[PDB]
Ligand SMILES: Nc1nc2c(ncn2[C@@H]2O[C@H](COP(=O)(O)OP(=O)(O)OP(=O)(O)O)[C@@H](O)[C@H]2O)c(=O)[nH]1
Ligand SMILES: [Mg+2]
Ligand SMILES: [Mg+2]
Ligand SMILES: [Zn+2]
Ligand SMILES: [Zn+2]
């Protein structure tokens, strides 16, 4: 079997500083470097990073300035990744994307490598195909975290002259052709369509109610699901007797709000129709759905990386997070950052809720009913997973 | 690492005479790692 | 446990004193029997399963137990004396040796297997205390493993199983359970002891379940002891065994000839399929070769082409055409054997005389001329000096025999006295056998000559007293 | 370990850039691999006479001909880098 | 580590040797 | 016969080699802002050994409730009358490892935020897969909380 | 000994008799084929700090 | 000792470079006789495509799937493309220790010259000579 020998543990203690400049330099170095490396390698784990640093004693993480820096570094990290940069930092003082050679060909031209030149060759080939009108086959759109999305092949940059890239349409690119494209804005105005993601389809994803693969069978209150089915049958609409039925998330939100506290369930069961059952919950549900969704999107993403993967899959409809392309991944991460910014800014209660890390403090800052609903939902998820584990064991 | 053999070339002819030089000598005393004197 | 704690402290005390390489054995006569008669433990198995690696890890020296990726690193019995009280026997791998391009491969491999199986069959009663069948981690059962089990169940030798390459499972208890389940299905016994252990003499931390093996081999080496005083370190060092008798050593060499140990290059074809492919290909060659049709069926019997019978381990017969002449010269070259004695004293006096008479000029013909000038005496004198003192060419000498037994085999000078010299005892009449237990032979010996053959240096013709040409 | 940086042993570049005996100024803060101890004389003589064979298939410090004189090399002034030349 | 970026092989002496061979 | 010191390292090893083959700032107390001053006073005034016993008993009860809700009985059941044991076994609790992510996150959310009011980082959540590691983590935390 | 007595199987027409004139360095530069042989820290930082 | 003829006689069926000639991995035209940069593999067959032997570029005689050299200088035609035996049999991609993106092969059928069609081709061609008619 596998057995670890021993693991060390370090106590969480906030760093003390005698003067202000020391604290400024420390927070800059530590937090900025960690955030940039995260946004470069795996920008999804920014929430885990923020949670860990707040646990270690970083108070100013959930501020508007830090969140703006985070989204800016995420956008620039996507830009660098599309350029073909491997390491975000050339030195501890300056970034790698801000290195200009002097006394050479140009004094402000970014210092390019052969890998960056080949990536610009790919970009220019895609742009020339787009201009000719035929289907532009950008090679790195099928590139993901685990590797290529569909092709089990292996590719590596820079490509040599013995095994170069072949184009069935005959479009050719050359370093002599890319030579004028040397500055950041000049290459952005040309290859913007391939470096920038698309965040439009996600504008209403994080603000919409969702459940972690929860269905009517996994509802903890059999009486609640049966009374919901009886109301839907009293209404002139057909019902599905099978456990795997498609129920709307807005309706399942009210179902969980009912099943959380039994008083409201008994008060709503005597009503005539599910229409009235949702109407009587509408006033209290509006002031709690936003809060419970915010709490869920922060908790399920600040604890473990696998939970972040599952959350992103469930909310974006992705089949596999290792198979989905990196552009839409970056788009979803940026939209999640914008959602966190909205929660922190537009709502005054969001910043203390984000700073709170324990159940006691989250109950103190959150409505008791909303916390009960959220705990019931997450406990239903945990019960489903535990039943799956029991079926595995048996 | 670097091995020494006969040669029969000019490099070996030079080494046979250069390796006879007496290197600078200095009597270094035994260190005191356990009983640090200037610590007392 | 009372006995388990005592054997544990004993194994630690013996192994902590160091070890060395005692003697390599290639012929059945040159065995450690004598002043070096320790209780032995052997490790047999297919090539490249970790036999020498386990030995080197038990001996705590990577360079002592030679191990390598290429098969055929060990081609003879390597006796390792641990703490001057036990012997660990490293055996050659039974199977195809790939990548080893040593000359006389067939003869060297046949000699390697001959000494292996004849040693196991002979000294199974002692001092070979335990046999350990080393098998690979995930390698399935092969016909070579079948040949090993058939040999063991016919000789009735108890053996333990050691599953090496334990790192291949990577902590998969389920795969290990299915591996031992496949072993129990092939063996047919649930009670057979199996110990899984890997061996890395380079780094001690990589080893797992390795300290339990030295405790196990000490357990089987001390099971002959009866008293607790014998269980002590002094009692184990005093434990020694007697040499085999002529009757039992002759029987095992007759049933297991050197020519029978011919294995295929691969490890998938059994001996039956290997000998059938020889028969099929030889029959086609005879029916296709024109000069083969020029011979008669009686001449083919003389040329052992169309055709006592040599039986292998499995019991299948091998034709004489399958045995190459290099193996025949090997068996006749092995000192202290019947074949070497038959070559010296004449295998067939009537047949060899007529053969030599026909191949030469004649039995009574001298200084004949077939149907220049002869070599001068000054040349023959110079040629004799260059042969004797430069080329070191010498003449053969005679072989000696016991006179008291050669004159009359049924007297007391020959041995095999059925009488009981000791009077007043009741246990001597029950205790019998070719090999018995004698206490203290390592320090007392038989009396006079105690070492076996090929033990001392500069013996016989290789004396350093008078030089080479004097012999 | 060694006092001199590890790029003098194996340069940071894949080609082996920055291999050889580097002399430093007495008042400088950088440290080089030119040492005259009885233990360092073997490797110094090796670099001067035999050279250094790189796994890429080229001799970095001394291919052949006139051997370099590390006692008269200009003093070391920095370290290599992948972005710029030096 | 886990890095989401373009496939980039480090400049290895073996790679330099292969390029020189070509 | 048995001359390891005379023979070389290629022919034998000595007892010595055989034996040695096997052988060879300022601190400031910080309390987590999760719990209250009275709770910190109680948990730092009770004891150290008693706090370890408290950890052990509470974690035992929590994981036993969890495993009995799951259905894997950790109680010793005799085969004469099919009864249940009196109390959980501390040795079995210590030997009980938390390999399943679901059960481990459930028990840590139940006992760590319940009666300890602590919150581990990502690496600590990764490492806290054993009851021994949980005990070590909470012990380090209460030691840091101590004045 | 094969072929010649002093030279053995080493034929005069094949190769050089003694290929060690003076000293020879058995070491080969960058024999490990590491991606970054400049040291533990050199040039760009590798991985996030702490 | 070699047991194969030299200077294979093509009087029965001449093997000449066609005027139009494309590649198998590339389907692009090649040089006819001015440069031997192509690889000719003749077998005396009009079987499509590229009768009396197909053609390959030196650089492109490699496998088309894994883009690697050939093991024993033997390629596998797969729906118009040339694959390697490990690629055709379905085994995993094995990176060779030697040259990667080019294989050991001679130019202008020099490597495939010692085997193929020789003189005489058929049996009825010898009796044409030994008969007076
Ligand atoms: N991973 C692993 N490799 C092993 C283990 N044991 C042996 N090997 C490897 O297998 C090779 C064969 O080891 P040997 O000790 O020569 O096996 P052998 O049975 O003595 O070989 P022969 O003398 O030819 O019969 C060695 O070079 C080791 O590298 C093991 O326990 N685990
Ligand atoms: Mg061996
Ligand atoms: Mg030179
Ligand atoms: Zn081509
Ligand atoms: Zn292929």
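Protein chains in written order, with my numbering: chain A, 1 to 394; chain B, 1001 to 1040; chain C, 2001 to 2471; chain D, 3001 to 3086; chain E, 4001 to 4022; chain F, 5001 to 5147; chain G, 6001 to 6050; chain H, 7001 to 7133.
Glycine included, every Cβ here is placed at the ideal spot set by N, Cα and C.
{"Asked": "Residue 24 (chain A) burial status per 10 Å Cβ neighbour count (16 or more: buried)", "Found": "exposed"}
{"Asked": "Cβ-heavy atom distance, residue 7057 (chain H) to ligand 4, below 8 Å", "Found": "yes"}
{"Asked": "Alpha carbon of residue 5141 (chain F) to alpha carbon of residue 359 (chain A), nearest angstrom", "Found": "18 Å"}
{"Asked": "N-terminal and C-terminal residue of the alpha helix (DSSP H) that residue 2078 (chain C) is part of", "Found": "Note, residue 2078 (chain C): premise wrong, no alpha helix (DSSP H); beta strand (DSSP E) at 2077-2082."}
{"Asked": "Residue 9 (chain A) (DSSP reduced to helix, strand or coil)", "Found": "coil"}
{"Asked": "Where residue 6017 (chain G) sits in the DSSP three-state scheme", "Found": "coil"}
{"Asked": "Nearest-angstrom beta carbon gap, residue 5011 (chain F) and residue 2021 (chain C) [assumed within contact, 8 Å]", "Found": "5 Å"}
{"Asked": "Chain-ordered chain G contacts of residue 1001 (chain B) [CB-CB under 9 Å]", "Found": "6025, 6026, 6027"}
{"Asked": "Closer than 5 Å: residues whose CB approaches a heavy atom of ligand 5", "Found": "H:7063, H:7065, H:7066, H:7084, H:7087"}
{"Asked": "Residues near residue 2014 (chain C) by beta carbon distance below 6 Å, same chain, minus five either side", "Found": "2083, 2085"}
{"Asked": "Extent of the continuous beta strand (DSSP E) run through residue 7082 (chain H)", "Found": "7081-7084"}
{"Asked": "Buried or exposed by the 16-neighbour rule on C-beta atoms within 10 Å, applied to residue 2060 (chain C)", "Found": "buried"}
{"Asked": "Residue 2251 (chain C) in three-state terms, based on DSSP", "Found": "helix"}
{"Asked": "Buried or exposed (CB count within 10 angstroms, at least 16 for buried), residue 2072 (chain C)", "Found": "buried"}
{"Asked": "Cα-Cα separation between residue 5120 (chain F) and residue 96 (chain A), rounded to whole angstroms", "Found": "34 Å"}
{"Asked": "Cβ-based burial, residue 2033 (chain C) [other Cβ within 10 Å; buried from 16]", "Found": "buried"}
{"Asked": "Closer than 9 Å at the beta carbon, the chain A residues around residue 3084 (chain D)", "Found": "99, 101, 111"}
{"Asked": "Residue 3062 (chain D) beta carbon near ligand 3 (any heavy atom closer than 8 Å)", "Found": "yes"}
{"Asked": "Selected residue, minimal CA-CA separation from residue 2283 (chain C), among C:2193, C:2268, C:2178, C:2300", "Found": "C:2300"}
{"Asked": "Cβ of residue 7083 (chain H) within 9 Å of any chain A Cβ", "Found": "no"}
{"Asked": "Same chain only: Cβ atoms within 7 Å of residue 336 (chain A), ignoring 5 sequence neighbours per side", "Found": "206"}
{"Asked": "CB contact check: residue 3064 (chain D) to chain E, cutoff 9 Å", "Found": "no"}
{"Asked": "Classification of residue 327 (chain A) by the beta-carbon crowding that lies within 10 angstroms, buried from 16 upward", "Found": "buried"}
{"Asked": "contact_flag[the segment 2025-2043 of chain C, the segment 2122-2132 of chain C] where n(CB pairs < 8 Å) is 3 or more", "Found": "yes"}
{"Asked": "Alpha-carbon spacing of residue 3027 (chain D) relative to residue 180 (chain A), whole angstroms", "Found": "46 Å"}
{"Asked": "As assigned by DSSP and simplified to three states, the class of residue 328 (chain A)", "Found": "helix"}
{"Asked": "beta-carbon residue 7075 (chain H) near ligand 4 non-hydrogen atom, thresh 8 Å", "Found": "no"}
{"Asked": "Test item: CB-CB of residue 5063 (chain F) and residue 5131 (chain F) under 9 Å", "Found": "yes"}
{"Asked": "Minimum C-alpha distance to residue 396 (chain A) - residue among F:5145, F:5147, F:5105, F:5133", "Found": "Residue numbering for chain A in the displayed model covers 1 to 394; residue 396 (chain A) lies beyond these limits and cannot be assessed."}
{"Asked": "DSSP beta-bridge partners of residue 2020 (chain C)", "Found": "C:2081, F:5012"}
{"Asked": "Nearest-angstrom Cα separation, counted from residue 3051 (chain D) out to residue 1028 (chain B)", "Found": "33 Å"}
{"Asked": "Presumed contact (8 Å Cβ cut-off) between residue 231 (chain A) and residue 277 (chain A), rounded CB distance", "Found": "6 Å"}
{"Asked": "Spatial neighbours of residue 148 (chain A) in its chain, beta-carbon cut-off 6 Å, leaving aside the 5 residues before and after", "Found": "142"}
{"Asked": "Contact with chain H by residue 154 (chain A), beta-carbon distance below 9 Å", "Found": "yes"}
{"Asked": "Cβ neighbour criterion (16 or more within 10 Å) applied to residue 7014 (chain H)", "Found": "exposed"}
{"Asked": "Pair within 9 Å by beta-carbon distance, residue 2163 (chain C) and residue 2197 (chain C)", "Found": "yes"}
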